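Q: Please see the structure below; I have some questions.
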Amino acid sequence: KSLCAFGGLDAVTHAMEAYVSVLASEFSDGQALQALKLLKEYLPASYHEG
Amino acid sequence: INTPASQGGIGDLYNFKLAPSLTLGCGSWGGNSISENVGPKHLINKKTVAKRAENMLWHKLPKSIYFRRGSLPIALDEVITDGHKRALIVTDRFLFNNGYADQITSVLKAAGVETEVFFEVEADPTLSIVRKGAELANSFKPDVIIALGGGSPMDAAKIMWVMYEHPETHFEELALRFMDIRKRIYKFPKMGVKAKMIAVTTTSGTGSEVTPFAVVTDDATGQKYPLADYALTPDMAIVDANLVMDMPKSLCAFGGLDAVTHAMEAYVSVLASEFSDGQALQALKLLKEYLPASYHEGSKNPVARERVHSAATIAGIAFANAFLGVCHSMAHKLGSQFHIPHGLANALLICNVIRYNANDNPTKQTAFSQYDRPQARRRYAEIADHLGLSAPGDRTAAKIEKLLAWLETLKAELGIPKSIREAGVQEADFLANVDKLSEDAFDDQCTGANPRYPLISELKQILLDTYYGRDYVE
Amino acid sequence: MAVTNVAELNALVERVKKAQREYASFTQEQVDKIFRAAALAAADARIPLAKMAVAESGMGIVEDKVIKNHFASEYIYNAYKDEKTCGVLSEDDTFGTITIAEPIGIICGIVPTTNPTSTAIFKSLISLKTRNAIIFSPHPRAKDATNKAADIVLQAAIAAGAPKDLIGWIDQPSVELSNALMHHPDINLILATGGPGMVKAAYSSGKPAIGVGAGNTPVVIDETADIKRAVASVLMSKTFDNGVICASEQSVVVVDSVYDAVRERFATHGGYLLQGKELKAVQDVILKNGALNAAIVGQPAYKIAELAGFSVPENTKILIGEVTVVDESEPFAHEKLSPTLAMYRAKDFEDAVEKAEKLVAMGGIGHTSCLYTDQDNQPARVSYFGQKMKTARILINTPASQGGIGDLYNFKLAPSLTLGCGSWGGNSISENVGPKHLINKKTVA
Amino acid sequence: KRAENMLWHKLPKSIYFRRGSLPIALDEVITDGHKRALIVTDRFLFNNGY
């Protein structure tokens, strides 16, 4: 830490942006939401211990 | 030959590549016993150890997927610009009698390439049509194979592409080596050397243009053969929606319920990774709005139809990496034996299978229950409250009941009968052939990723309770 | 044409001798077609042979017979597809030497009750791969299944270019026709498999003989292992086809400091402990003449429980006894061929290793042995356990059976059969049987 | 005239993933069929044992 925190926030922004852009089709909304789902549980636990 | 049976002449040795006359011993006395030379390998016993090794998972797809309304002629322009000169089209004869295959040939002959059509595909592949097609293929020698249709023309094209590339490999060793995935032992011959395959779909509700599956029926014995490995997936899939604007109800309802079951199963199987849960849920999300609107009117609403089409191929992406379950196999056999169209077979079966798998914990045929799988109850609950069918304070069994109460109302207005008997199946030949289909749907790859390991006496219970129009309950 | 007396026995032995002498002149490219046709038509009839075997023998489970029949066909086909067994094998052209190969002759084959239909495909296929002939001697209880399997393979092979017969079998066996056929002059190799009764009879006959047997396979659980997965693995592998697979688990040696918890881990699941009078009621039933009572083989747990003389829940799986003495006179130390088990208590790691060696020294043939421990923290215990044990396979955190999830558990393993030895006495490790045990090679110069 | 557009969904051909899958992934480049190789990395990863 905090090399892990930088990559975590990087992936947060990459998933937060690519859902609202004007080229967002329906093949790529689901995996953007899945990426946003998988971070809010497992990111602080990976930050504190590891 | 022309040599004494002794030692010591001149030169190197007579002979120099020979052991002494001793060191050769046998192990018996009686008859026709040849001796052999004794060395250190007769005095050593060798042992082997083996640790527990972990496994790996994957996510494999075609290289490029082009999709939307009106994208067929602008997709196959890039095969004109690079660089192909000869072509072959595999389709069904109903599509050739109407004006559908001409939409490819009229565009391809404008730049000028040799084209021809093989319109002889039955509703099932019959292992002898594919040999005549392969004969046509290596008589013509193309380098682009374009499959059109849905279901049978696609996997017919896959099988007749695998033997155009290797005309010496006989079919029986393909049937013996390659029957399931999860097994990487050993390897497949290298394909894609002198041709490549394009897949164009027509019907909305099968996802066979992204999956590495094929099923071939033999003529003589009536024996099925599955073939499955990731060297049969196409190189490019085209998902257009102008090809499906005129199909009648209820051909759309069958494909809709087919995609419903393909997405419902592949979320709860025991090979479900985290790369393929999201698209299974996206496919389940996109149908509950746009399917009844596409059923009642059409093509007066040219928006819901293309979204149902796209969500069908989303579920096709989903189940090609985490595999299917039990109602798939039972649906294949129940459809192939009674000549029911495939698609309403598993429409009749899914509710009993949901009641089957949702048992609390009978530890009678479980395996590694504390290792990877949470439960099959919890994932059905996750489907139910993702799809938006829950009060804010509930328990699990209420959510499951609200889930399977929903799709019965869906099956109501899509207009399908309530048991197998109303579909027109007599009692005599069904009670004659229930024990034929009971264990025959056990070995047919289920195995499989069902969360609960079945057995044969429990499948005929389902096949009886679906024919009488009851519900599986204990 | 039936076979009951010695005269028609000698008739069909002369017939198959004439046919084998006819067959041993084919080329390499026309043996392989016979091999593919035989393997395919043997793999098609999975279900009817399992139904016939369960109907005739009266014990076993149908689905397990289906899957092990399928696996035993496909492994033998895919392992030996393209192997030089006919004609010239190797040469040294600039020095004159050529190595050629030549067959043995006629093989006798002995088939037990427990795996009646899977061994016939194995022995038939590796016989007619290497240009030989085979005569089967089934067991009187289940005999129609074995003859049906050999018949399916035979007429599969006939319509590909084979001679008029190559395979023979005995109808209505007895105790004298087997000894008549084992001492017939012009047969050359016998293949016996099963229990310790007839492999010693096959050994002491003055002919070449290899025996496919099984020993009592122990499992060692130390204190630094996971407890739930070990019990799950043992209960999964032992109940497979009621435990009639060759060399399944037979004893569990548990170190003391994690002992009692493992007890209730068998109690809150399919296992059922027994610590009182009922041990005598089950020690009087497994061993009646000193020679393994044939009334408790392949049966479920509750049927041998009620035949012992008491009641039990219906959904139970395994009967667990616990003994302290380790000798030949104790009845649980034998191999049992039934869903039963015996467990022991040890002080520490080396005591458990010593007691496991003393268990494996009783079977006569070293086949497998199992250890359940952490493998990412104690490599020294792994090396020590691999050093001291003397069996063919040594398994770490793995059940001694087949069929889990993924590819295979394990995927680089042969079946539990195909491993045979050539002696009985002491410290004899078995090894896997293939076509190189059936071919004598010659050299010219 | 006014023509409409098309969308796509493009990825690598195969993605292998999970804990402990590096040496079993690059076994298939050994089995078929390559003979020469080149590795591009940073010097910090080369100074450590990676």
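Following the order of the structure tokens, chains are lettered A, B, ..., residues in each are numbered from 1, and ligands are numbered from 1.
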Report as a ChimeraX atom specification all protein, DNA and RNA residues lying within 10 Å of residue 372 in chain C, evaluated on only C-alpha atoms, omitting residues in the same chain fewer than 3 positions from it.
A: /C:219-227,229-230,375,395-399
Q: At a cut-off of 12 Å, using only C-alpha atoms, what residues contact residue 164 in chain B? Leave out same-chain residues fewer than 5 positions from it and give the result as a ChimeraX atom specification.
A: /B:130-145,157-159,169-170,191-196
Q: Within 7 Å of residue 226 in chain B, counting only C-alpha atoms, which residues show up once you throw out same-chain ones fewer than 4 positions away? Write them as number ranges by chain, please.
A: B: 179, 214-216
Q: Please write the residues from the selection above to a file, keeping N, CA, C and O atoms, as a compact mmCIF listing (two decimals), in the first residue's frame.
A:
# COMPACT_ATOMS: atom_id res chain seq x y z
N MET B 179 -15.26 -35.49 -26.64
CA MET B 179 -16.66 -35.52 -26.25
C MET B 179 -17.05 -34.48 -25.23
O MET B 179 -18.22 -34.11 -25.18
N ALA B 214 -21.55 -29.40 -31.40
CA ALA B 214 -22.18 -30.00 -32.56
C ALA B 214 -22.73 -31.35 -32.16
O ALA B 214 -22.17 -32.04 -31.31
N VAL B 215 -23.86 -31.73 -32.76
CA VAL B 215 -24.50 -33.01 -32.50
C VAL B 215 -24.84 -33.65 -33.83
O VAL B 215 -25.54 -33.03 -34.65
N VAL B 216 -24.36 -34.86 -34.07
CA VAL B 216 -24.56 -35.55 -35.34
C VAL B 216 -25.24 -36.89 -35.08
O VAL B 216 -24.79 -37.67 -34.24
Q: Can you measure CA of residue 444 in chain C to CA of residue 99 in chain C for me? One decimal in Å is fine.
A: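 These two atoms are separated by 6.6 Å.
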Q: Measure the distance from CA of residue 135 in chain C to CA of residue 294 in chain C in Å and round it to one decimal.
A: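 Straight-line distance from CA of residue 135 in chain C to CA of residue 294 in chain C works out to 26.0 Å.
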